[PDB]
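Undergrad: starting from these lines, generate the structure:
(one chain, ligands or ions: 1)
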Amino acid sequence: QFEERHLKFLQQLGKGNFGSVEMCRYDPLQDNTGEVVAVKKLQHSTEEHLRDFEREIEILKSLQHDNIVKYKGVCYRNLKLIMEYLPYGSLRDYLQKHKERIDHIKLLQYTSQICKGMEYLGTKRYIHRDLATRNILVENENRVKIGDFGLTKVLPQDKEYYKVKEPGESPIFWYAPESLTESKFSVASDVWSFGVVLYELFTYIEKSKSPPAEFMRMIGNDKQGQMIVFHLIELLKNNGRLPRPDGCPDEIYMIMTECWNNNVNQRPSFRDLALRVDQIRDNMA
Ligand SMILES: CCn1c(C(=O)N(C2CC2)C2CC2)cc2c3c(ncn3C)c(NCCCOC)nc21
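TA: Numbering: from 1, shown residues only. The relevant structure is shown in the block below.
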């Protein structure tokens, strides 16, 4: 286990949903030979937030994959989740900084790792519900990991979807249509979001090219409030989609458009997505 007294604060790493992550050095010998770790806590402690957080901890403790951030432990009320520290941070920030150094085949290596981590979630009947480059972390220049499970839900034993409407700002521009209309989350809604992740990669996180910017442009910037959701629902229903990013090959854009099927059942599987990505990577090599 981990004691509060030996968790030395280094810096704030970020905030997301109702959580906050910080860089600490776990130094029990107080001789500065201790490991640097990532510490997640609730920005505002509440019992509803607490029970969610305890389920989140149980979800991460149960996952062991090369492309999933490692669970290290817990530190006690004022519950904290201890994870490994991934030195290159979010893929979102990393891609922007190394734009000119990261090519298409490297983007596809990352894509492949995201698919393998996501298929592993599916095998446990876990629904991520928040796939985005800001939630993917970089271990090194050749390895990425799904780095947060704040919205992750376990499917009911008898159902392939899970219904949930949480108070607060939902990442609607990554949501499948049935998530916007019916609050239905499944492996297939994660596949939809995965296409948005693949889109994000090929845009190299250019600000004007982000999914909110592109959708708001298509919807109209005059749209405000709960009306934005309505107009987005209508846009997707009429097969309005994110454009092919600049320089993206037609075959990579084809993967994105296939993930963005209004028909939940026609969306590819994470196993098929991995085969397709690996095949394209092999051809490029
Ligand atoms: C990008 C920042 N961020 C967040 C983070 O705020 N998230 C928000 C929900 C709260 C989720 C995980 C994405 C979590 C981590 C993290 C890191 N290493 C291991 N973990 C779990 C790390 N390393 C950053 C290297 C540079 O350090 C100076 N940056 C992180």
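Undergrad: residue in the stretch 151-285 of the chain nearest to the ligand?
TA: residue 151 (10.0 Å; Cβ to the nearest ligand atom). Every C-beta, even on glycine, is put in place using the N, C-alpha and C of the backbone.
Undergrad: can you pull the contacts of that residue?
TA: Taking Cβ atoms under 8 Å, 6 or more residues apart in numbering as the contact definition, residue 151 lies against 17, 128-130, 166.
Undergrad: how about the residues of the stretch 1-150 of the chain by the ligand?
TA: Proximity of the stretch 1-150 of the chain to the ligand is confined to 13-16, 19-21, 23, 38, 69, 83, 85-87, 89-90, 135, 137, 147-148, 150 under the rule Cβ under 6 Å from any ligand atom.
Undergrad: buried subset of these, written for PyMOL?
TA: To isolate the buried subset of those in PyMOL, counting by 16 or more other Cβ atoms under 10 Å, use the following:
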select buried, resi 13+16+19+20+21+23+38+69+83+85+86+89+90+135+137+147+148+150
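Undergrad: check contacts around residue 82.
TA: 2, 26, 37-39, 71-75.
Undergrad: and the closest residue to residue 75 other than its chain neighbours, what element?
TA: Spatial nearest neighbour of residue 75, chain neighbours left out: residue 2 (4.3 Å); criterion: Cβ to Cβ, 6 or more residues apart in numbering. Residue 2 is part of no helix or strand when elements are defined by DSSP states H and E.
Undergrad: quick one, phi/psi of residue 75?
TA: phi -140, psi 120 (degrees, to the nearest 10).
Undergrad: from what I can see it touches residue 6, true?
TA: No. Under the criterion of Cβ atoms under 8 Å, residue 75 is not in contact with residue 6, lying 9.2 Å apart.
Undergrad: comparing the two, which residue is more hemmed in?
TA: Neighbour comparison, residue 75 and residue 6: the larger count goes to residue 75, with 21 against 15 (by other Cβ atoms under 10 Å).
Undergrad: who's in contact with that one?
TA: 1-4, 7, 39, 82.
Undergrad: need these in JSON lines (columns: distance to residue 175).
TA: Shown next, in JSON lines, are those (distance: Cβ to Cβ, whole Å):
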{"residue": "1", "distance to residue 175": "38"}
{"residue": "2", "distance to residue 175": "36"}
{"residue": "3", "distance to residue 175": "41"}
{"residue": "4", "distance to residue 175": "38"}
{"residue": "7", "distance to residue 175": "36"}
{"residue": "39", "distance to residue 175": "29"}
{"residue": "82", "distance to residue 175": "31"}
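Undergrad: select only the buried ones of those residues in PyMOL?
TA: Burial among those is assessed by 16+ other Cβ under 10 Å; the matching PyMOL selection reads:
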select buried, resi 2+7+39+82
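Undergrad: ok, which stretches of the stretch 1-150 of the chain are helices?
TA: 47-61, 91-97, 104-122 (DSSP state H, counting those that start in this stretch).
Undergrad: just put those in a markdown table and tack on mean neighbour count.
TA: Listed next are those as a markdown table, based on neighbours: other Cβ atoms under 10 Å:
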| stretch | mean neighbour count |
| --- | --- |
| helix 47-61 | 15 |
| helix 91-97 | 19 |
| helix 104-122 | 21 |
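Undergrad: including distance to residue 197, could those helices go into TSV?
TA: Shown next, in TSV, are the helices of the stretch 1-150 of the chain (distance: least, Cβ to Cβ, whole Å):
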stretch	distance to residue 197
helix 47-61	20
helix 91-97	9
helix 104-122	6
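Undergrad: among the ones you listed, which is nearest residue 171?
TA: helix 91-97 (12.5 Å; Cβ to Cβ).
Undergrad: now that closest one: how far from the chain's centre is it?
TA: 14 Å (Cα atoms, centre = their mean, to the nearest Å).
Undergrad: mind listing residues that contact that helix?
TA: 88, 102, 110, 132-134, 136-138, 144, 200-201, 204-205.
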